[PDB]
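Q: make a model of this:
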Amino acid sequence: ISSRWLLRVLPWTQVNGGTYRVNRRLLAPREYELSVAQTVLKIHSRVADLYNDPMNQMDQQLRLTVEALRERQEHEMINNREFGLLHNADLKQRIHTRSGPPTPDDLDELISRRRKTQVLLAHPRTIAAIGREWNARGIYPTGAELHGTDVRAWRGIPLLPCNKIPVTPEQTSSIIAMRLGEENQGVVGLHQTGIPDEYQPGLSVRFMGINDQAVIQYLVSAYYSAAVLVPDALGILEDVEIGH
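A: Numbers count the residues shown, from 1 in each chain. The relevant structure is shown in the block below.
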């Protein structure tokens with residue numbers, strides 16, 4: 001279990017028919033199809049019958065599986081090669097640091113490549129390496145407030161931890177800066193609510209059936225995707241040398 005900041009900060013756009021069209025002006029519009037995170041919830045019939053007195057274990061297992069699905073959605077929206085944010089950045093929007101460690105000069109270059117940068121995402125180990133560079137230069141950044149929470153910030157831009165961002169064996173990671181919202185032509189999240197059997201908005205549970213053994217099976221499905229409206233809404237600092 002982790003703090004899924006990406007799901008909390010991304011706005012969500014309603015999609016009809018499971019498909020979304022974005023006009024590209026460098027040709028043909030790019031089409032986004034919703035992806036699915038599915039799991040089968042298996043419960044023995046004895047548990048569903050007898051173990052409901054202190055707490056309904058059928059609902060307890062349902063919440064446990066839903067949390068696992070949310071963790072997988074967070075992982076896919078960053079690392080997926082089709083629609084992940086680490087692979088859908090324009091080549092002009094990818095920059096490298098002057099030296100190994102992530103210095104305050106590198107952060108200023110990252111936020112100067114687009115208008116109205118709204119959030120920074122980095123691995124918790126990367127955030128620790130950023131703080132060490134601050135201390136060596138004797139600067140103490142103030143901080144910001146986001147969604148009722150107090151978080152760290154740089155030039156007023158909140159910096160949020162995310163453990164889904166990979167760390168290479170050679171102790172390198174990446175930092176992500178993005179603009180948000182459809183009205184700002186930023187990054188948006190794609191989902192479709194109103195599906196027939198909604199346990200949660202955009203999430204469905206179906207009875208499926210019972211097999212030869214007294215095991216009840218359920219199908220849990222969540223549909224999601226992500227899109228970048230304009231190329232200059234996302235930026236990556238590629239090779240940040242953490243660990244020294």
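
Q: check which element follows the longest helix belonging to the chain along the chain.
A: The longest helix of the chain (DSSP state H) is helix 57-79. Next helix or strand after helix 57-79 toward the C-terminus (DSSP states H and E): strand 94-95.

Q: I'd like to check what contacts whatever helix or strand comes next after that next one. Which residues are they?
A: Where DSSP H and E defines the elements, the next helix or strand beyond strand 94-95 is helix 104-110. By Cβ atoms under 8 Å, 6 or more residues apart in numbering, the residues outside helix 104-110 that reach it are 95, 97-98, 130, 133-134, 137, 139, 154-155, 175, 177, 235, 237. Backbone N, C-alpha and C define where each C-beta goes, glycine included.

Q: same question, stretch 233-240
A: 85-86, 88-90, 93-97, 101-102, 106, 110, 113-114, 117, 122, 126, 129, 172-179, 184-187, 228.

Q: can you do 6 Å?
A: 89, 93-94, 96, 102, 110, 113, 126, 172-175, 177-179, 186-187, 228 (Cβ atoms under 6 Å, 6 or more residues apart in numbering).

Q: same thing with stretch 31-38?
A: Contacts with stretch 31-38, where a contact means Cβ under 6 Å, 6+ apart, come from 18-21, 69, 72-73, 221-223, 225, 227.

Q: turn the residues you listed into TSV, columns for neighbour count, secondary structure and distance to residue 164.
A: Below are the contacts of stretch 31-38 laid out as TSV (neighbours: other Cβ atoms under 10 Å; DSSP: H, G, I helix; E, B strand; the rest coil; distance: Cβ to Cβ, whole Å):
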residue	neighbour count	secondary structure	distance to residue 164
18	14	coil	24
19	13	strand	26
20	20	strand	23
21	11	strand	28
69	19	helix	14
72	16	helix	10
73	20	helix	10
221	17	strand	21
222	23	strand	17
223	21	strand	20
225	24	strand	17
227	18	strand	19
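
Q: any chance of those residues in JSON lines, plus distance to residue 42?
A: Below are the contacts of stretch 31-38 laid out as JSON lines (distance: Cβ to Cβ, whole Å):
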{"residue": "18", "distance to residue 42": "27"}
{"residue": "19", "distance to residue 42": "32"}
{"residue": "20", "distance to residue 42": "34"}
{"residue": "21", "distance to residue 42": "39"}
{"residue": "69", "distance to residue 42": "15"}
{"residue": "72", "distance to residue 42": "18"}
{"residue": "73", "distance to residue 42": "21"}
{"residue": "221", "distance to residue 42": "16"}
{"residue": "222", "distance to residue 42": "18"}
{"residue": "223", "distance to residue 42": "22"}
{"residue": "225", "distance to residue 42": "28"}
{"residue": "227", "distance to residue 42": "35"}
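
Q: one step back: and the contacts of stretch 233-240, which are buried?
A: Using 16 or more other Cβ atoms under 10 Å as the burial test, the contacts of stretch 233-240 include 89, 93, 102, 110, 126, 172-175, 177-179, 186-187, 228 as buried.

Q: thank you kindly, that will do.
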